[PDB]
Amino acid sequence: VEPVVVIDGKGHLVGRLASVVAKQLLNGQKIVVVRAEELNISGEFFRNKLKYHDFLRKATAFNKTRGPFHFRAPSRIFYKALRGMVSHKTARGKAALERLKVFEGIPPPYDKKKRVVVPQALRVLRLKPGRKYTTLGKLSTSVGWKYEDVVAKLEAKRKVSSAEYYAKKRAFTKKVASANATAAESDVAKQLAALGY
Amino acid sequence: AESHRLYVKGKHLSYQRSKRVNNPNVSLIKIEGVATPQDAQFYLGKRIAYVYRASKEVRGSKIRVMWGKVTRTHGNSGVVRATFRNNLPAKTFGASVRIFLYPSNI
Amino acid sequence: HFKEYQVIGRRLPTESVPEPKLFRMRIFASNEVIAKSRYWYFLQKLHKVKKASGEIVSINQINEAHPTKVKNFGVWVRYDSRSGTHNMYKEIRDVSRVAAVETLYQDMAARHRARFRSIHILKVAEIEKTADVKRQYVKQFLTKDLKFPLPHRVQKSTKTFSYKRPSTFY
Amino acid sequence: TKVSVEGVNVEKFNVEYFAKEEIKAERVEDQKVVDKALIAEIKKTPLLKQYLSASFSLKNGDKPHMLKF
Amino acid sequence: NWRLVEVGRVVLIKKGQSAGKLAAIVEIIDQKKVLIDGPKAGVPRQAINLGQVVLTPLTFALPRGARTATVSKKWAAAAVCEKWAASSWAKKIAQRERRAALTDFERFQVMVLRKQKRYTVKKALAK
RNA sequence: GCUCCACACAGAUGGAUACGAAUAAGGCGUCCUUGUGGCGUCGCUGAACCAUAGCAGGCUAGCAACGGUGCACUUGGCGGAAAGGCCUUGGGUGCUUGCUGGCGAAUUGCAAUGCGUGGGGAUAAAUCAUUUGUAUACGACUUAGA
RNA sequence: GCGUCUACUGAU
RNA sequence: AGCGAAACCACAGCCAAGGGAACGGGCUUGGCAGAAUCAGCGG
RNA sequence: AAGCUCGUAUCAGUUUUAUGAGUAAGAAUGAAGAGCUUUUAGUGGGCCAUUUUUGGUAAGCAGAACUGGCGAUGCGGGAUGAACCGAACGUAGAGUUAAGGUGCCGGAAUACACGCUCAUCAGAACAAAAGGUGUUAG
RNA sequence: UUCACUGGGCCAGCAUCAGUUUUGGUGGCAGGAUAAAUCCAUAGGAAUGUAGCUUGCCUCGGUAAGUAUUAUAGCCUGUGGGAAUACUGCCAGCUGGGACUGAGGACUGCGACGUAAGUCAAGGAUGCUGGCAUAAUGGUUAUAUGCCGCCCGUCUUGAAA
Numbered sequence: 003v004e005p006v007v008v009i010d011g012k013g014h015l016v017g018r019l020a021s022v023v024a025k026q027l028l029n030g031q032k033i034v035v036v037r038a039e040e041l042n043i044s045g046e047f048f049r050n051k052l053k054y055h056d057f058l059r060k061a062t063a064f065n066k067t068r069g070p071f072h073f074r075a076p077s078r079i080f081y082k083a084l085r086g087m088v089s090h091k092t093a094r095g096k097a098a099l100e101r102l103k104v105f106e107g108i109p110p111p112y113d114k115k116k117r118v119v120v121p122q123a124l125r126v127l128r129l130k131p132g133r134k135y136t137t138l139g140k141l142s143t144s145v146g147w148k149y150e151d152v153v154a155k156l157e158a159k160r161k162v163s164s165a166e167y168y169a170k171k172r173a174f175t176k177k178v179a180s181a182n183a184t185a186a187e188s189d190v191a192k193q194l195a196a197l198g199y
Numbered sequence: 002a003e004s005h006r007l008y009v010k011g012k013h014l015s016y017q018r019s020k021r022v023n024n025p026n027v028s029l030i031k032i033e034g035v036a037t038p039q040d041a042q043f044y045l046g047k048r049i050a051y052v053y054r055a056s057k058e059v060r061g062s063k064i065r066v067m068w069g070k071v072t073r074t075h076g077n078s079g080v081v082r083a084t085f086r087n088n089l090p091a092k093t094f095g096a097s098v099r100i101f102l103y104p105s106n107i
Numbered sequence: 003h004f005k006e007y008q009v010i011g012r013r014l015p016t017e018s019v020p021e022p023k024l025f026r027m028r029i030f031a032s033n034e035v036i037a038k039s040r041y042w043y044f045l046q047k048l049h050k051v052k053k054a055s056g057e058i059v060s061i062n063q064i065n066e067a068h069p070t071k072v073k074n075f076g077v078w079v080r081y082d083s084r085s086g087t088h089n090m091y092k093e094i095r096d097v098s099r100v101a102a103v104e105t106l107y108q109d110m111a112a113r114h115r116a117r118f119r120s121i122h123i124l125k126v127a128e129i130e131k132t133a134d135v136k137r138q139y140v141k142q143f144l145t146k147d148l149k150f151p152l153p154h155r156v157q158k159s160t161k162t163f164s165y166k167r168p169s170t171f172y
Numbered sequence: 089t090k091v092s093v094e095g096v097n098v099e100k101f102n103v104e105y106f107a108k109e129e130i131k132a133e134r135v136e137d138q139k140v141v142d143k144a145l146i147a148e149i150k151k152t153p154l155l156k157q158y159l160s161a162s163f164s165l166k167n168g169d170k171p172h173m174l175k176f
Numbered sequence: 011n012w013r014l015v016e017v018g019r020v021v022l023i024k025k026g027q028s029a030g031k032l033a034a035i036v037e038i039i040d041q042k043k044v045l046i047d048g049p050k051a052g053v054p055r056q057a058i059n060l061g062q063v064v065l066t067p068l069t070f071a072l073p074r075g076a077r078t079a080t081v082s083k084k085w086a087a088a089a090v091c092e093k094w095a096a097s098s099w100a101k102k103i104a105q106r107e108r109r110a111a112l113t114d115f116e117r118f119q120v121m122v123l124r125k126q127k128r129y130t131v132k133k134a135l136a137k
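Protein chains in written order, with the authors' numbering: chain O, 3 to 199; chain f, 2 to 107; chain S, 3 to 172; chain E, 89 to 109, 129 to 176; chain M, 11 to 137.
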């Protein structure tokens, strides 16, 4: 129904989020993933790191650059995983993949726009409590991502520059809530209550 | 005034197919709000429609319309099989399609 | 679903010996055919009478007198695995015998990887008094006014998206 | 919603009532008579006139398979 | 602070033929399966798994192993049905059911009343 | 691009509807005891909120109103991550279905959805050409001249 | 770890 | 400056794994990378 | 291929019985298309698996009795294939299956219930005798 | 020449039909231990011991040890009373919805209804209507979309080479 769906990266499972997003993306639905640096992956951090340096040994013999490229950006690496879940070799797959956009954090104008989450892909709803998990934050930095510091630095400003907006909205809604509470008990108002409204 | 849409809007996923062979004669359509095959039973037999902006002005209006009918439910995900007197060009995978309420039976 | 059927054995009566040995036993199975097959298999090992010479007289179902009463069923089981056969004893807390045996089979498949082929039911009986439940994990539920929470509840939704990020409080 | 119909005669609107081969006067008179007869019934239920005059349309999130008619 | 399964706990069935009907826990069988009784609600006495039933935040006194008659007597004495109505659960369920049953004319009346209420609220604001 | 001459025209159908954050805890109000606090309450899915009535949505009269809102200016801040949007301040300009009336829908007849080109006038400069070496097997590149 | 017809090595 | 062949040519080429006698070059799974275009390690 | 009397008990990769260390059925089942004379093209091969073996050593193996597929064999599936599973074939419209599948590439439920396991590359023909103060149950 | 009626071919919508097939609602039957459940009564047993009472104790005159089998809750065993209901199977039961086929071509027959007359869903679609001659509609060509497709014939091939 929504022309564009913004999925919050925080708390999501990379494997489950990519699988569900791929099918929706292939059905003409535009999806914009945000906070890619906060995606969570099951298993111990060392375990996740282990299956990242494995493919360096097999890049290519004749010419290393003529083979797989070691990408470290949290946004693109998640896209790379989703790339393997779609028939990117076909023309339709390429067009569908163009719909998906991934950015670290929440860059504008998406900051002022609502975002959604995927209940069937939340790490907090599938991983057993107490089990080790990979946050993908230090992992990206541990493999050469040098933008984690900047992301953390400028994420606080966005939160600071957004908490006050919510306070102002809540203060504004108080007047509306009081008006509704005092406006109730009227003949017109009671009619809506009887009809389920 | 604000909204005139009477047709139900859905999405065309892909033709009925298998691991290797595909059958373009049976289209699969997704309908908003249909979660289970039981709900899809109401949408069976309805006239399906597709709208796209053509280039040549055949009759003043560039828009062109293709017609079809629902046949039966497909899968537990609420997908419904669709058939058209003119098969879709297969380039509309993931596009939006119009499903009319008529013929009504309620 | 599992079911309980009672079968008897009166292998064809030789001259001057009608109704021999009245071989009565109880069988747990889903349908009548499986019950009869398991009865024949058990007879072929407990004694030497073959199915060809045997004859099934009647098969009657046996329900539970109180299918709404929680009971601590005692279960004796003889089964086989990659090693030689060995008897086993277990206690299961269930309302009905059929449910108890179903859970017994599921547990045997879980931990012992056994199945219907390798599982033989010896006897099932109810525990009439407390403190007779040897298994601690079963006696645990017998404590006075046992109350426990269910933290971290799971939930499912038809929609593939949600704007709330609901908590698992429960 | 069901309005009373016994108060308006409809026996004249037979199959032959419609034919072709700039508005016929008798049809206009019959329509006016029918409207004036049904106005009395319509005036009973409040907001019924406005409800009829309002064109029906679907809204976002509507589920026709769940809507009750 | 969590809802605890115990004798006399009132529960709501989420799935099955008895969905939307209240029930009371008679005795816990194990961590996964418990026994419930809902004779006032009409659900027959039968065991059910915790997955198919959601625990409500209300409770009432009930002896362990109480039969159907005793369960009904305790249900009547505690008036848990009246407590359910005042709970947000019953209000939400009634609101959801009523909206789905609204006819087209009733829906139009709802729209008109909502417009009138919005106009009144706007008039009563920014005064 | 200033300008003249001359011709050519991957899927819109109400609203991406903004706090942070745990998931063995988290919001709203009360209430200062402003502390890791007391009290009522929320979830248990968005099955929600806003919005939606008028020939593809007209003309016209009255009441309450002075509220709601499309339109350009206007006092100004924020937004630098892919800033490209928010409003308020003031009148003006339309509507108001919040309420009460008058004018007409037909014949469409029982559905076939109903912004660039090829030629000039003025401006901008870069290769061509010469020179140069700081470059140089040969391309390429770097200096200088109305 | 350092000790003991696929390809471009200079190019448009 | 100008003239002016021949050998050969079913068609021909970005790679890793499977492919049975392994021939992989046209089958499958993944990763590559630029119309056009000099020049070669002592392959 | 041509001719005959035939139509049946001609018979049958089937089964049972009075009766072996098949005899007969005024038996069970099924095909109405069985024999006799004259001759007409083509045919002297193996591979894979099995009931037998000639014996097991790290290991050579040739000789050879038997039944199924390929031979001459499509199509669905095991993503990838001769030795696998179902299935053998007139062009077609309508619905249900088998193998094989249901997160995506892939058309199909991220279905229900029991517990099991965090592998420093778990999991989706051989070293398999032991070790763990690893875990779940007797 | 006054007129009145009427008209070829394309595909469709509508009502009811015959065949195939898919999925709902509902009623009536036979069996289980004449279902077992649940409920009522009856004689007994017990604690994971209901109340009362006793014994000592702080957050208060109630906190864990007793007598205690229903008391200021209830549970189980056997018996009697009575219905209900899951499951299975049946109805030559009723009632909708979703998809395709229209094939044959004046009566010879098998059947039902109806007093007869006649009718019918009874050995294959009947009737109304929509749109059109600058038509309706159809074909061809070059890309595009999803899938499939290893280059031809021969020859030693067990075959593959």
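The beta-carbon is built from N, C-alpha and C at its ideal position, and this holds for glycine as well.
- prompt: Closer than 8 Å, CB to CB, is residue 75 of chain f near chain E or not?
  reply: No, residue 75 of chain f does not count as interfacial toward chain E.
field: Segments of 4+ residues assigned as alpha helix (DSSP H) that fall wholly inside the region 37 to 75 of chain M
entry: The region 37 to 75 of chain M contains no whole alpha helix (DSSP H) run of 4 or more residues.
- request: Please go through the same chain and pick out, in chain order, the residues whose beta-carbon is closer than 8 Å to the beta-carbon of residue 77 of chain O, but skip the five residues on each side of it.
  value: Excluding sequence neighbours, residue 77 of chain O sits near 35, 38, 39, 104, 105 and 106.
task: Using a Cβ cut-off of 8 Å, pull out every chain O residue sitting near residue 124 of chain M, in sequence order please.
output: What residue 124 of chain M touches in chain O: 194 and 199.
task: Check whether the Cβ of residue 94 of chain O lies closer than 8 Å to any Cβ atom in chain f.
output: Yes, contact with chain f.
query: Hey, would you say residue 34 of chain M sits closer than 8 Å to residue 72 of chain M, going by beta carbons?
result: A Cβ-Cβ contact shorter than 8 Å links residue 34 of chain M with residue 72 of chain M.
- prompt: Taking one C-beta from the region 64 to 82 of chain f and one from the region 6 to 19 of chain S each time, how about it: are there three or more such pairs within less than 8 Å?
  reply: Result no; under three Cβ-Cβ pairs closer than 8 Å.
query: Any Cβ of chain S within less than 8 Å of the Cβ of residue 12 of chain M?
result: Interface annotation, residue 12 of chain M: in contact with chain S, CB-CB separation under 8 Å.
Status (buried if at least 16 other CB within 10 Å, exposed otherwise) for residue 171 of chain E: Buried, since its Cβ has 16 or more Cβ neighbours within 10 Å.
task: Spatial neighbours of residue 13 of chain O within its chain, please: CB distance less than 8 Å, with the 5 preceding and 5 following residues excluded, ordered by chain position.
output: Closer than 8 Å at Cβ, skipping near neighbours: 40, 42, 119, 124, 125 and 126.
task: Could you tell me whether any Cβ in chain S is nearer than 8 Å to the Cβ of residue 45 of chain M?
output: Proximity of residue 45 of chain M to chain S, defined by a Cβ-Cβ separation below 8 Å, is satisfied.
query: To the nearest whole angstrom, what separates the beta carbons of residue 58 of chain S and residue 7 of chain S, a pair I think is in contact under 8 Å?
result: Beta-carbon to beta-carbon, residue 58 of chain S and residue 7 of chain S are separated by about 11 Å, too far to satisfy the 8 Å threshold.
task: Anything in chain f within Cβ reach of residue 176 of chain E, meaning under 7 Å, just list it in chain order.
output: Chain f residues near residue 176 of chain E: 107.
message: Using a 10 Å radius around the Cβ and a threshold of 16 neighbouring Cβ atoms, would you call residue 100 of chain f buried or exposed?
response: By the neighbour-count criterion, in which 16 or more other beta carbons inside 10 Å mark a residue as buried, residue 100 of chain f falls on the buried side.
field: residue 78 of chain S - DSSP class collapsed to helix/strand/coil
entry: In the displayed model, residue 78 of chain S falls within a strand according to three-state DSSP.
task: Report, in whole angstroms, the separation of the C-beta atoms of residue 47 of chain O and residue 141 of chain O, which I expect to be a contact under 8 Å.
output: About 7 Å separates the Cβ atoms of residue 47 of chain O and residue 141 of chain O, confirming a contact at the 8 Å cut-off.
query: By a C-beta neighbour count over all protein chains shown, 10 Å radius and 16 as the cutoff for buried, is residue 174 of chain S buried or exposed?
result: Coverage of chain S is limited to positions 3 through 172, which leaves residue 174 of chain S absent and any answer about it impossible.
- prompt: Okay, do the region 10 to 25 of chain O and the region 16 to 23 of chain M touch, 3+ Cβ pairs below 8 Å being the bar?
  reply: No: fewer than three Cβ pairs fall under 8 Å.
message: Measuring straight from C-alpha to C-alpha, what distance separates residue 86 of chain O and residue 100 of chain O?
response: Between residue 86 of chain O and residue 100 of chain O, the C-alpha separation is close to 14 Å.
task: For the beta strand (DSSP E) containing residue 68 of chain f, list its first residue and its last residue.
output: Here the beta strand (DSSP E) through residue 68 of chain f covers 64 to 75.
Length at least 4, wholly inside the region 93 to 118 of chain M: the alpha helix (DSSP H) runs in chain order: Counting only runs of 4 or more, we get 98 to 111.
Own chain partners of residue 122 of chain O with C-beta closer than 8 Å, once the 5 adjacent residues on each side are dropped: 18 and 22.
query: Roughly how far, in whole angstroms, is the beta-carbon of residue 123 of chain S from the beta-carbon of residue 79 of chain S, given that I think they are within contact range, below 8 Å?
result: Going by Cβ atoms, the distance from residue 123 of chain S to residue 79 of chain S rounds to 7 Å, so yes, they are a contact pair.
- request: Pair every Cβ in the region 54 to 68 of chain M with every Cβ in the region 119 to 131 of chain M, then say whether three or more of these pairs are closer than 8 Å.
  value: Between the region 54 to 68 of chain M and the region 119 to 131 of chain M, the count of Cβ pairs shorter than 8 Å is below three; the stretches do not touch.
- prompt: Is the number of C-beta pairs between the region 11 to 27 of chain f and the region 86 to 106 of chain f that are closer than 8 Å three or more?
  reply: Contact between the region 11 to 27 of chain f and the region 86 to 106 of chain f is present, because at least three Cβ pairs lie under 8 Å.
message: Please list the terminal residues of the continuous alpha helix (DSSP H) segment that includes residue 56 of chain O.
response: For residue 56 of chain O, there is no enclosing alpha helix (DSSP H), as DSSP gives it neither H nor E.
query: If residue 145 of chain O sits next to residue 81 of chain O, beta carbons under 8 Å apart, how far is it from one beta carbon to the other, in whole angstroms?
result: Their Cβ separation, rounded to whole angstroms, is 16 Å, which puts residue 145 of chain O and residue 81 of chain O out of contact at 8 Å.
Residues, ordered as in the chain, of the region 148 to 181 of chain O that lie near chain M by beta-carbon distance below 8 Å: When C-beta distances to chain M are compared with 8 Å, the residues of the region 148 to 181 of chain O below that value are 177, 178 and 181, in chain order.
Range of the contiguous alpha helix (DSSP H) that encloses residue 182 of chain O: Segment 150 to 185, the alpha helix (DSSP H) holding residue 182 of chain O.
- request: Pair every Cβ in the region 133 to 144 of chain S with every Cβ in the region 110 to 125 of chain S, then say whether three or more of these pairs are closer than 8 Å.
  value: Short answer: they don't touch.
query: Taking the alpha helix (DSSP H) that residue 108 of chain S falls in, what are its first and last residues?
result: 99 to 114 is the extent of the alpha helix (DSSP H) around residue 108 of chain S.
message: In whole angstroms, give me the CA-to-CA distance for residue 43 of chain f and residue 31 of chain M.
response: If I take the Cα positions, the gap works out to 27 Å.
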